[PDB]
Amino acid sequence: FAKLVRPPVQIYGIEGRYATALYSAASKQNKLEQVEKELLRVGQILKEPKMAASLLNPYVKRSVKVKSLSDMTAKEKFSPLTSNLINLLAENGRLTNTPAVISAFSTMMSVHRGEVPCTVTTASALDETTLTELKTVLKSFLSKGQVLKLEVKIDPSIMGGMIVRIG
Amino acid sequence: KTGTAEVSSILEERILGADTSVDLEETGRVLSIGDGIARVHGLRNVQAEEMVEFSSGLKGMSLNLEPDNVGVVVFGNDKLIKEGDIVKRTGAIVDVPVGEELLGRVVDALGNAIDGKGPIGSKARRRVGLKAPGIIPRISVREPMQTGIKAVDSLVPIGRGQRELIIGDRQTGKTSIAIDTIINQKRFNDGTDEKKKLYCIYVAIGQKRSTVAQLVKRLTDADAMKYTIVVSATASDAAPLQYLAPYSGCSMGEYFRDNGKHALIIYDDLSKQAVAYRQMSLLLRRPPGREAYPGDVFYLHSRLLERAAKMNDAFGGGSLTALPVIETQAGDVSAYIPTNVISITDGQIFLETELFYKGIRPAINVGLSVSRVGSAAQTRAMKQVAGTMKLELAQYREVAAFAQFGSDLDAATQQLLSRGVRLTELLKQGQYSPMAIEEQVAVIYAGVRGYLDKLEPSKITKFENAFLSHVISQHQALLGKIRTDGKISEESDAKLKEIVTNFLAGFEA
Amino acid sequence: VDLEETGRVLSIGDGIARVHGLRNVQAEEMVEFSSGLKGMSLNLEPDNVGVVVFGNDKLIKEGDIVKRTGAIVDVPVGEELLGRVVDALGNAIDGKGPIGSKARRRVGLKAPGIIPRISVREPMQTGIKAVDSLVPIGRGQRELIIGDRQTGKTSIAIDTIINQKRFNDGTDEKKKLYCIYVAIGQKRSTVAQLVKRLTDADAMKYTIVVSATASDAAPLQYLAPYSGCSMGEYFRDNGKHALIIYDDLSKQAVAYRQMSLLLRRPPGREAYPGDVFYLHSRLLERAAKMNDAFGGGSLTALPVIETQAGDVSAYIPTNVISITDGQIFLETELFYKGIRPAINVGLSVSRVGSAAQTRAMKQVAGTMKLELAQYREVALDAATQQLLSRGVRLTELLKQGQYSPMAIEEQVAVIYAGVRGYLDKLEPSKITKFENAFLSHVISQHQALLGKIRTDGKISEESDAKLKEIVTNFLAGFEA
Amino acid sequence: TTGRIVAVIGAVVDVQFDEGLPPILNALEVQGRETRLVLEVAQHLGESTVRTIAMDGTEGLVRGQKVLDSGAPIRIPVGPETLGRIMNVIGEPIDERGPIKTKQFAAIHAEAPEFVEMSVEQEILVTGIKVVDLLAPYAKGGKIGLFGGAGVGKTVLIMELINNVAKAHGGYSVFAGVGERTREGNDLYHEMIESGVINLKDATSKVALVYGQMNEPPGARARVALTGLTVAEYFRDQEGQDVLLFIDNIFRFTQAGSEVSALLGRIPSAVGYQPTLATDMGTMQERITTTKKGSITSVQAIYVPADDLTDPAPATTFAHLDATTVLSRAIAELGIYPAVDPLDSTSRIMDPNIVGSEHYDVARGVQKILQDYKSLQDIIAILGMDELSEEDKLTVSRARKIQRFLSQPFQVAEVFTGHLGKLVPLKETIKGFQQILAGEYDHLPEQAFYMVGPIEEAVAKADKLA
């Protein structure tokens with residue numbers, strides 16, 4: 001078919017199946033971020049009880065719901081694909097899935113471009129860098145607190161077991 | 001969801017609003033193909049049961065019209081297809097070309113003469129989607145049809161329109177039997193026996209081509225092929241194709257029936273089909289049930305088989321006579337598919353290896369061989385001697401039961417055995433043994449009047465040939481007559497007898 | 001709007017209502033549907049409620065409002081079901097209007113405690129010699145009636161029930177056994193005759209018939225026993241002795257499995273779900289012979305199992321087997337022979353039957369049982385030929401056909417005779433004949449004695465001499 | 001409401017109904033459907049989708065199609081004008097004698113009488129087959145389960161029974177050919193018409209024919225059963241008329257049900273066997289009985305799937321039985337017509353009371369003889385035999401003789417047999433066996449008992465042997 005633009009982050013299926021649609025869609029025309037953000041915006045235009053109340057509720061039993069949220073709410077400026085892909089997820093119920101689809105996306109211009117090292121000493125602050133072991137020390141000026149959430153406690157752990165480990 | 005359609009070429013545009021494709025309703029893009037089940041995306045307006053055509057020239061049929069896709073049974077092999085592929089409807093369900101320019105053909109069931117003529121394709125097609133006739137449309141099986149196999153024609157004498165199970169093991173001459181009949185039909189078909197203008201349909205289910213090849217060669221040889229379609233789904237096949245074959249035939253034969261003519265279908269065999277189909281179901285996931293078979297393997301067949309019938313007048317009275325075949329394994333009958341078939345079939349023909357070892361080809365378990373139909377399937381000629389004979393054999397066998405303490409216990413029983421044995425000699429038949437009724441009754445006659453019972457068993461056979469050549473030679477008159485009177489007429493009998501006695505005298509001495 | 005106590009029928013299979021909402025419903029709540037049906041919010045799914053529909057619909061169409069009733073099920077329980085044919089909801093398909101039962105009690109209540117419970121010591125009798133004899137039986141007790149079809153099976157239960165007539169209609173407070181016949185999947189007809197029969201037989205006044213006929217919706221059919229159970233405890237705990245005959249659990253199980261499967265709550269062995277032992281176990285554990293706190297009362301369980309070709313290896317039977325305190329195994333051949341009892345004795349079992357029954361019977365029975373063994377065993381010796389003679393005599397003697405229950409004393413009496421070989425001095429056909437005559441003879445005369453024997457709870461030696469003499473007189477004196 | 005075919009995956013037609021839906025069971029007519037293709041809503045599949053069953057052929061159907069709910073379940077003609085009619089599931093004369101213009105239509109779900117509503121008592125009818133009466137006597141309303149092989153003469157036997165009975169008994173009949181062999185209906189037709197059981201001179205007969213042939217979609221075959229069921233209740237209650245209900249084959253009904261269940265993407269239990277196997281039956285069986293207003297006596301053919309009876313289906317079946325005739329194939333094979341099993345060709349409803357106490361006793365004795373005799377068979381089978389003891393040998397013979405005597409010729413299959421059938425007066429039977437019990441046929445051999453009527457004729461026959 002149309003060869004597909006599978007630039008990871010993404011999630012590979014799992015509304016990576018979705019995401020990757022827009023990893024080829026947004027991507028072509030490079031509304032990648034344009035739309036990446038449409039979604040962000042959208043999200044919370046959702047997250048009020050449009051969201052519970054009919055949005056993820058069908059009690060009407062989605063059938064008319066999907067034929068009224070295609071048009072009462074999907075009715076927006078967020079629409080080059082944005083509402084249309086909504087209008088795709090809708091029937092296809094993946095509305096309940098959306099945070100994750102967005103997530104999947106958003107991890108793209110926002111974090112595709114991220115960071116990740118995680119040893120037992122690390123637990124990266126994931127800052128957005130295309131290169132490595134650099135920023136990774138700037139971190140030491142970052143270094144000034146935590147329970148060693150981003151990067152680790154190496155105390156109870158490393159070491160603490162060790163005495164045990166000998167006996 | 002179904003990660004299919006989450007194909008981001010698929011999705012990737014519904015999103016966009018950049019969609020519009022193959023048709024996805026009258027054509028589809030193969031969502032996945034695997035398993036000969038081409039999930040073909042789209043296909044909405046898609047006809048049910050529709051034959052589609054693949055972008056491979058392979059045909060498929062739209063089995064499950066799922067709202068998204070079609071589980072499409074593939075008429076080819078999917079090494080010859082791939083994902084995404086566009087399947088365009090043919091719009092139509094299966095019909096198979098049907099007519100008459102098939103008599104003289106070995107085709108694949110796709111109606112392409114694999115013989116090597118290529119399709120001498122029928123102008124017309126006739127629905128495989130066609131169903132069985134009604135009650136009223138039918139008017140009883142009465143029209144005999146005799147195989148030229150004395151035993152058969154007598155004891156499970158054969159009507160027409162019928163559905164009678166041929167059951168027996170690994171080419172226990174089974175096929176041999178089928179041939180002797182086929183050759184036998186020749187004379188009627190060489191007659192212009194319009195009542196017995198029996199177009200033979202050989203559904204070959206699963207036979208590897210070489211098996212077919214001798215056989216067809218045989219048919220060719222029997223030249224019987226001339227009134228014969230050989231619907232051929234060989235071992236090399238996709239499964240549905242073997243599956244399809246009967247149904248195909250089914251469209252075709254009912255046409256003869258309904259055009260007054262007489263069609264004969266040999267389904268050889270539904271055992272393989274059933275397996276295949278079941279399998280097909282199973283491959284389709286689509287249930288199993290008992291013996292792993294989907295329950296509607298019955299429906300499948302039942303429905304298939306109701307389509308063979310002996311018709312009323314509207315249909316020219318004709319027939320589509322079914323001689324279905326199931327090849328037994330150890331007479332396995334609670335063998336679900338056998339169970340079924342039995343209840344459907346209007347008698348069944350048991351074949352037995354022992355008899356076969358005995359040389360008795362044909363190898364029949366007579367006791368079980370039954371024509372539930374029975375009397376309707378005969379001719380008086382036969383009725384007059386066969387009635388007694390069958391019966392006499394019944395006893396003989398009963399007493400073959402009771403033959404081992406001395407059978408010289410009462411005369412009768414010794415006799416029954418002697419007599420029986422004589423008849424036994426008669427009922428074994430060579431390979432390639434079509435026969436004429438008058439001989440058959442003649443030969444029977446001899447025995448049932450015990451003349452052969454006054455003869456050594458070895459010579460019975462010997463007589464039989466001789467007797468045949470004798471009557472053929474002289475009493476051609478008479479043979480003409482038994483045929484003429486259509487029965488053994490008392491006169492013909494007297495001449496016959498007289499012949500017998502003399503002949504017998506000549507034969508024995 | 002409650003989609004948290006009420007739901008809209010999301011989908012309804014045809015008996016499993018997937019109901020959108022209901023949440024706030026508590027687990028295993030009876031709900032009531034907008035088809036007027038009842039349901040149980042059995043499966044609290046994280047989304048919807050699998051509500052087993054306690055009803056028959058085509059009333060339901062989706063969206064139907066499913067309402068809480070807000071209650072975990074109880075059933076009316078009482079003591080007024082005696083003389084009543086009921087359905088499990090507590091409605092009374094007897095068409096005697098509605099029942100007198102009125103207290104309600106969770107069928108969901110469980111197994112008595114050990115101390116609350118008090119071991120069997122309490123006899124249990126059927127008027128069927130073979131049973132009472134050869135099963136030594138107490139009340140509280142589970143004993144499986146196992147056999148295929150009323151083949152007298154059902155008869156069996158009846159003769160017992162009928163037998164209780166003399167006791168319940170006797171002032172045998174202790175032998176005032178409330179009979180609970182949970183009729184599970186039985187044709188209405190069967191029941192009809194039955195009902196009639198029992199009624200004619202009137203054990204029925206002291207009897208509940210819980211009737212879940214063949215048609216009846218499966219959870220109901222399923223439910224009925226539990227219902228019955230609650231009701232029988234009602235007596236039990238209330239000093240009294242109820243007898244529940246669970247008739248039959250095979251059908252219950254089936255229904256139940258089916259139910260499970262429809263809930264797509266898995267099968268198990270033989271396609272039957274895993275808890276199914278447990279099913280009964282919990283049920284039957286709720287049956288008991290109590291201590292004194294419960295007035296010593298009992299709920300005697302005669303569960304019934306219908307085998308399919310006597311196949312018991314069968315997971316569910318095995319299950320049940322492993323629970324029961326024995327079984328009454330029935331064998332066809334003897335039935336078929338006309339021998340009623342038809343039993344396979346070997347297969348009928350009481351692991352330790354004797355610890356809750358009666359000296360009278362015991363005194364003759366132990367030894368007898370043994371003789372029969374010997375008699376039976378041997379697949380001429382004067383001995384053995386004798387055993388055979390005896391045995392055959394005794395066969396007649398234990399032969400009481402269908403429609404034959406009795407006061408015990410009558411039974412012990414005749415048994416005594418047989419154990420004295422008195423009967424061996426008779427042609428076997430005439431044992432039966434004799435027995436009839438004899439019986440009316442002692443009934444006539446030695447009703448005195450029988451009254452006494454019944455009185456002593458045992459057979460007195462003294463009575464024996466009188467009896468011997470009686471018997472002999474009758475014997476001799478009607479030996480022809 | 002109108003729905004759209006959203007899926008036809010096979011004949012499970014999922015229709016999403018769009019002007020709402022009615023409840024389940026409501027029969028839908030598919031719009032655009034050539035003939036009236038009724039889909040019966042089977043499930044509310046939810047989401048205003050129903051899983052429905054097509055009972056017609058679905059070939060060539062454009063999916064996405066529009067179905068218009070017929071707004072109720074299927075209703076079919078009722079009233080006497082149906083006797084001498086072959087109706088298909090959907091009424092529709094497959095007698096094809098033109099319409100059956102009836103005044104009543106009925107939705108095929110008929111119901112069961114509450115306890116109080118049904119005559120709670122039985123009868124004793126009889127049949128004139130030695131074997132039958134003796135071992136399984138008759139009654140009315142009673143559903144008899146008949147096992148064995150059609151056209152062994154299982155099927156024939158049914159007919160023969162009909163043959164005497166419908167005629168003789170007034171109280172109407174239903175014949176349900178469920179997955180009927182069309183052909184068998186045809187022949188039979190010419191015969192019935194002929195026979196004047198079916199009268200066509202009068203649309204009625206005494207008997208209505210329902211054929212729901214094999215070639216129909218299972219849904220249809222499955223459902224043709226309710227249809228017939230509905231009718232008999234009509235005849236009973238409404239018409240008084242005490243139906244004899246021939247079911248051939250309830251197993252074939254069942255099969256259609258199971259097959260369906262599967263497709264219904266349900267869990268059809270062990271062996272594939274439908275979850276609901278029982279409920280289908282219960283609900284059905286209870287729609288049969290002697291109500292106060294009559295009796296629908298069932299003659300229920302059950303052909304045995306894979307020929308096993310330990311098979312749950314027959315297990316179920318048993319629950320509703322009133323008499324069962326289990327033909328023995330062994331016996332049938334032994335060249336015995338009737339093909340009986342003498343161990344569950346039964347009636348619980350044989351009692352000394354129900355039949356003669358004698359009848360019964362004689363029977364018990366007989367039942368015994370056979371029962372014991374079988375026991376010997378195994379032994380004999382291994383070991384030759386002769387030293388068991390002679391009395392037994394006598395019983396053995398007697399049993400065999402009895403066997404042979406139970407073999408009772410049949411006229412309808414005289415055509416085959418050459419044996420003139422015999423329907424036997426009760427006494428001759430009772431006597432028959434009693435005589436045998438008296439063991440009088442000393443000298444007389446086994447085969448002297450084969451295929452006779454009254455016992456004398458067997459005695460006679462020994463003589464004929466001589």
# chains A, B, ... in the order shown; residues from 1 in each chain; ligands from 1

$ interface_residues --of "chain A" --to "chain C" --cutoff "10 Å" --atoms "only C-alpha atoms" --output "list in words"
residues 58, 59, 60 and 61 of chain A

$ residues_around --residues "segment 315-328 of chain B" --least-positions-apart "4" --cutoff "7 Å" --atoms "only C-alpha atoms" --output "number ranges by chain"
B: 160-170, 253-254, 256-271, 308-311, 332

$ select_by_dssp --residues "segment 85-188 of chain D" --states "helix (DSSP H, G or I)" --output "number ranges by chain"
D: 115-117, 130-135, 154-169, 182-188

$ residues_around --residues "residue 100 of chain A" --least-positions-apart "2" --cutoff "12 Å" --atoms "only C-alpha atoms" --output "compact mmCIF listing (two decimals) with N, CA, C and O atoms, in the first residue's frame"
# COMPACT_ATOMS: atom_id res chain seq x y z
N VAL A 9 8.05 6.17 18.66
CA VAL A 9 7.46 7.04 19.62
C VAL A 9 6.31 7.76 19.00
O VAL A 9 6.43 8.97 18.85
N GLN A 10 5.20 7.11 18.54
CA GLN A 10 4.77 5.71 18.42
C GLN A 10 4.81 4.87 19.67
O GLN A 10 5.14 5.36 20.74
N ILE A 11 4.35 3.60 19.56
CA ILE A 11 4.25 2.66 20.66
C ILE A 11 4.07 1.31 20.05
O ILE A 11 4.35 0.28 20.66
N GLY A 13 1.47 -0.30 17.76
CA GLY A 13 0.17 -0.83 17.96
C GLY A 13 -0.23 -0.03 19.11
O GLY A 13 0.57 0.72 19.65
N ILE A 14 -1.40 -0.31 19.65
CA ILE A 14 -1.70 0.23 20.93
C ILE A 14 -1.88 1.72 20.83
O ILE A 14 -1.32 2.49 21.59
N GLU A 15 -2.55 2.16 19.76
CA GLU A 15 -2.73 3.51 19.32
C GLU A 15 -1.47 4.11 18.98
O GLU A 15 -1.37 5.32 18.84
N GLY A 16 -0.59 3.19 18.61
CA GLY A 16 0.57 3.39 17.85
C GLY A 16 0.00 3.00 16.56
O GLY A 16 0.36 3.57 15.54
N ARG A 17 -0.98 2.06 16.55
CA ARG A 17 -1.66 1.75 15.34
C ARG A 17 -2.37 2.95 14.86
O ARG A 17 -2.25 3.33 13.70
N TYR A 18 -2.96 3.67 15.81
CA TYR A 18 -3.40 4.97 15.48
C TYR A 18 -2.33 5.97 15.20
O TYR A 18 -2.36 6.64 14.18
N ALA A 19 -1.40 6.11 16.16
CA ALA A 19 -0.40 7.14 16.19
C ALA A 19 0.35 7.26 14.94
O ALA A 19 0.46 8.33 14.38
N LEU A 39 -4.14 18.16 19.39
CA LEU A 39 -4.57 17.17 20.28
C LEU A 39 -4.45 17.59 21.69
O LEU A 39 -5.35 17.37 22.48
N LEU A 40 -3.32 18.19 22.07
CA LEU A 40 -3.14 18.61 23.42
C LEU A 40 -4.21 19.46 23.92
O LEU A 40 -4.65 19.32 25.03
N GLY A 43 -7.68 17.81 24.13
CA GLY A 43 -7.73 16.90 25.21
C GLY A 43 -8.62 17.31 26.28
O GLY A 43 -9.18 16.48 26.94
N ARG A 94 -12.52 4.35 20.52
CA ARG A 94 -11.18 4.53 20.96
C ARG A 94 -11.04 5.87 21.58
O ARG A 94 -9.96 6.36 21.84
N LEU A 95 -12.19 6.48 21.87
CA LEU A 95 -12.31 7.68 22.60
C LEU A 95 -11.89 7.48 23.99
O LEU A 95 -11.19 8.27 24.60
N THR A 96 -12.23 6.32 24.53
CA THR A 96 -11.80 5.93 25.82
C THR A 96 -10.33 5.65 25.90
O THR A 96 -9.87 5.07 26.87
N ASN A 97 -9.59 5.89 24.81
CA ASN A 97 -8.25 5.40 24.66
C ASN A 97 -7.39 6.52 24.47
O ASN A 97 -6.18 6.44 24.57
N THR A 98 -8.03 7.63 24.17
CA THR A 98 -7.41 8.77 23.66
C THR A 98 -6.25 9.25 24.42
O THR A 98 -5.33 9.63 23.71
N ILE A 102 -2.68 10.12 22.43
CA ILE A 102 -2.13 11.41 22.39
C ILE A 102 -0.82 11.31 22.91
O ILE A 102 0.08 11.76 22.26
N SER A 103 -0.69 10.68 24.06
CA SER A 103 0.52 10.29 24.66
C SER A 103 1.46 9.83 23.67
O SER A 103 2.55 10.32 23.59
N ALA A 104 1.04 8.85 22.89
CA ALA A 104 1.84 8.22 21.91
C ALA A 104 2.32 9.16 20.91
O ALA A 104 3.47 9.13 20.51
N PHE A 105 1.44 10.05 20.50
CA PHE A 105 1.80 11.07 19.61
C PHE A 105 2.78 12.01 20.19
O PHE A 105 3.88 12.19 19.70
N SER A 106 2.36 12.69 21.23
CA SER A 106 3.00 13.73 21.95
C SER A 106 4.36 13.29 22.29
O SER A 106 5.34 13.92 21.91
N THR A 107 4.51 12.09 22.78
CA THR A 107 5.83 11.57 22.73
C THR A 107 6.06 11.41 21.18
O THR A 107 5.62 10.38 20.73

$ residues_around --residues "segment 263-273 of chain D" --least-positions-apart "5" --cutoff "9 Å" --atoms "only C-alpha atoms" --output "ChimeraX atom specification"
/B:286-292,294-295 /C:257-258,261-262,264,267,270-272 /D:9-12,43,51-53,254-255,257-258,311-313

$ write_last_selection --atoms "N, CA and C atoms" --output "tab-separated table (two decimals), in the first residue's frame"
chain	number	residue	atom	x	y	z
B	286	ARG	N	-14.31	-21.52	12.78
B	286	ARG	CA	-15.62	-21.98	12.53
B	286	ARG	C	-15.79	-23.41	12.90
B	287	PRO	N	-16.71	-23.65	13.79
B	287	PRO	CA	-16.72	-24.79	14.63
B	287	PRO	C	-16.36	-26.15	14.15
B	288	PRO	N	-16.25	-26.97	15.16
B	288	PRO	CA	-16.11	-28.36	14.99
B	288	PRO	C	-17.37	-28.81	15.64
B	289	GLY	N	-17.32	-29.99	16.22
B	289	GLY	CA	-18.34	-30.45	17.06
B	289	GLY	C	-17.79	-31.79	17.19
B	290	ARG	N	-18.68	-32.77	17.26
B	290	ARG	CA	-18.37	-34.16	17.20
B	290	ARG	C	-17.39	-34.52	16.15
B	291	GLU	N	-16.38	-35.32	16.56
B	291	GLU	CA	-15.24	-35.70	15.78
B	291	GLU	C	-14.53	-34.54	15.20
B	292	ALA	N	-14.62	-33.41	15.87
B	292	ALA	CA	-14.07	-32.18	15.44
B	292	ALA	C	-14.78	-31.60	14.28
B	294	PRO	N	-17.69	-29.61	12.40
B	294	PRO	CA	-18.82	-28.68	12.54
B	294	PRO	C	-20.09	-29.43	12.38
B	295	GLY	N	-21.18	-29.06	13.07
B	295	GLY	CA	-22.40	-29.85	13.00
B	295	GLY	C	-23.09	-29.76	11.68
C	257	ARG	N	-24.22	-25.45	34.78
C	257	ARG	CA	-23.08	-25.30	33.97
C	257	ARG	C	-23.32	-24.37	32.91
C	258	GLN	N	-24.46	-24.64	32.33
C	258	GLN	CA	-25.05	-24.00	31.24
C	258	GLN	C	-25.11	-22.59	31.57
C	261	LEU	N	-21.76	-21.02	31.55
C	261	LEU	CA	-21.24	-20.93	30.24
C	261	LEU	C	-21.82	-19.79	29.57
C	262	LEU	N	-23.08	-19.55	29.88
C	262	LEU	CA	-23.74	-18.44	29.33
C	262	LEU	C	-23.17	-17.22	29.92
C	264	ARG	N	-20.28	-17.20	30.43
C	264	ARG	CA	-19.03	-17.37	29.79
C	264	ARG	C	-17.99	-17.46	30.79
C	267	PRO	N	-16.26	-23.59	31.75
C	267	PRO	CA	-16.65	-24.96	32.03
C	267	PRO	C	-15.65	-25.55	32.96
C	270	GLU	N	-15.59	-32.35	31.70
C	270	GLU	CA	-16.82	-32.64	31.04
C	270	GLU	C	-17.64	-31.45	30.69
C	271	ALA	N	-16.94	-30.36	30.42
C	271	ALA	CA	-17.45	-29.07	30.16
C	271	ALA	C	-18.08	-28.48	31.37
C	272	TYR	N	-18.07	-29.16	32.51
C	272	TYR	CA	-18.65	-28.63	33.69
C	272	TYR	C	-17.75	-27.81	34.52
D	9	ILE	N	-22.76	-13.51	8.81
D	9	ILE	CA	-21.57	-14.25	8.86
D	9	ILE	C	-22.30	-15.46	9.02
D	10	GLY	N	-22.32	-16.17	7.89
D	10	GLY	CA	-23.25	-17.22	7.65
D	10	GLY	C	-24.61	-16.66	7.90
D	11	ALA	N	-25.53	-17.51	8.34
D	11	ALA	CA	-26.86	-17.12	8.64
D	11	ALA	C	-26.95	-16.52	10.01
D	12	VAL	N	-25.87	-15.91	10.53
D	12	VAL	CA	-26.04	-15.25	11.77
D	12	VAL	C	-25.99	-13.95	11.19
D	43	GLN	N	-31.17	-12.67	19.76
D	43	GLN	CA	-30.51	-12.08	20.85
D	43	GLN	C	-30.50	-10.69	20.55
D	51	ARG	N	-28.72	-10.49	17.17
D	51	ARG	CA	-28.17	-11.59	16.45
D	51	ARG	C	-29.46	-12.17	16.15
D	52	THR	N	-29.58	-12.56	14.92
D	52	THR	CA	-30.83	-12.97	14.44
D	52	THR	C	-30.49	-14.16	13.71
D	53	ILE	N	-31.52	-14.91	13.39
D	53	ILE	CA	-31.34	-16.04	12.58
D	53	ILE	C	-32.20	-15.89	11.40
D	254	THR	N	-32.38	-30.83	17.03
D	254	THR	CA	-31.47	-30.53	18.05
D	254	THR	C	-30.26	-30.13	17.40
D	255	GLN	N	-29.89	-30.89	16.38
D	255	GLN	CA	-28.72	-30.71	15.61
D	255	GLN	C	-28.80	-29.38	15.03
D	257	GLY	N	-30.48	-26.90	16.26
D	257	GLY	CA	-30.16	-26.09	17.39
D	257	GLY	C	-28.72	-25.96	17.78
D	258	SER	N	-27.94	-27.04	17.83
D	258	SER	CA	-26.60	-27.02	18.32
D	258	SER	C	-25.68	-26.26	17.47
D	311	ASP	N	-24.64	-40.05	25.36
D	311	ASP	CA	-24.75	-38.77	24.79
D	311	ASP	C	-25.77	-37.98	25.55
D	312	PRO	N	-25.39	-36.83	26.02
D	312	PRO	CA	-26.21	-35.91	26.75
D	312	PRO	C	-27.55	-35.65	26.21
D	313	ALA	N	-27.68	-35.57	24.88
D	313	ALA	CA	-28.89	-35.22	24.19
D	313	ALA	C	-29.86	-36.26	24.60

$ closest_atom_pairs --of "chain C" --to "chain D" --cutoff "7 Å" --atoms "only C-alpha atoms" --output "Markdown table"
| residue | atom | partner | partner_atom | distance |
| --- | --- | --- | --- | --- |
| C:10 | CA | D:46 | CA | 5.5 |
| C:11 | CA | D:46 | CA | 3.7 |
| C:12 | CA | D:44 | CA | 5.3 |
| C:13 | CA | D:43 | CA | 5.3 |
| C:14 | CA | D:43 | CA | 5.7 |
| C:58 | CA | D:24 | CA | 4.6 |
| C:59 | CA | D:23 | CA | 5.7 |
| C:60 | CA | D:23 | CA | 5.5 |
| C:61 | CA | D:23 | CA | 4.0 |
| C:62 | CA | D:46 | CA | 6.5 |
| C:93 | CA | D:115 | CA | 6.7 |
| C:94 | CA | D:115 | CA | 6.7 |
| C:95 | CA | D:116 | CA | 6.2 |
| C:151 | CA | D:348 | CA | 6.6 |
| C:186 | CA | D:319 | CA | 6.9 |
| C:187 | CA | D:320 | CA | 6.1 |
| C:188 | CA | D:115 | CA | 6.2 |
| C:189 | CA | D:120 | CA | 5.8 |
| C:192 | CA | D:120 | CA | 4.4 |
| C:193 | CA | D:120 | CA | 5.6 |
| C:214 | CA | D:282 | CA | 4.6 |
| C:215 | CA | D:282 | CA | 3.8 |
| C:258 | CA | D:275 | CA | 5.2 |
| C:261 | CA | D:267 | CA | 6.1 |
| C:262 | CA | D:267 | CA | 6.9 |
| C:270 | CA | D:270 | CA | 6.4 |
| C:271 | CA | D:270 | CA | 5.3 |
| C:308 | CA | D:310 | CA | 5.9 |
| C:309 | CA | D:310 | CA | 6.4 |
| C:333 | CA | D:371 | CA | 6.1 |
| C:336 | CA | D:367 | CA | 5.6 |
| C:337 | CA | D:368 | CA | 3.5 |
| C:338 | CA | D:364 | CA | 4.9 |

$ residues_around --residues "segment 92-98 of chain B" --least-positions-apart "5" --cutoff "6 Å" --atoms "only C-alpha atoms" --output "ChimeraX atom specification"
/B:49-51,122,124-128,252 /D:60

$ residues_around --residues "residue 50 of chain A" --least-positions-apart "5" --cutoff "12 Å" --atoms "only C-alpha atoms" --output "list in words"
residues 42, 43, 44, 45, 55, 56, 57, 58, 65, 69, 72, 73, 74 and 95 of chain A

$ residues_around --residues "residue 458 of chain B" --least-positions-apart "5" --cutoff "10 Å" --atoms "only C-alpha atoms" --output "ChimeraX atom specification"
/B:421-422,425,463

$ write_last_selection --atoms "C-alpha atoms" --output "PDB file, in the first residue's frame"
ATOM      1  CA  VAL B 421     -21.847 -71.134  -3.088  1.00  0.00           C
ATOM      2  CA  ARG B 422     -22.902 -71.563  -6.632  1.00  0.00           C
ATOM      3  CA  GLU B 425     -19.548 -67.897  -7.751  1.00  0.00           C
ATOM      4  CA  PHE B 463     -20.326 -72.160 -16.984  1.00  0.00           C
TER       5      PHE B 463
END

$ interface_residues --of "chain B" --to "chain A" --cutoff "6 Å" --atoms "only C-alpha atoms" --output "PyMOL selection string"
chain B and resi 6+8+12+15-16

$ closest_residue --among "A:32, A:91, A:152, A:159" --to "chain D" --atoms "only C-alpha atoms"
A:91
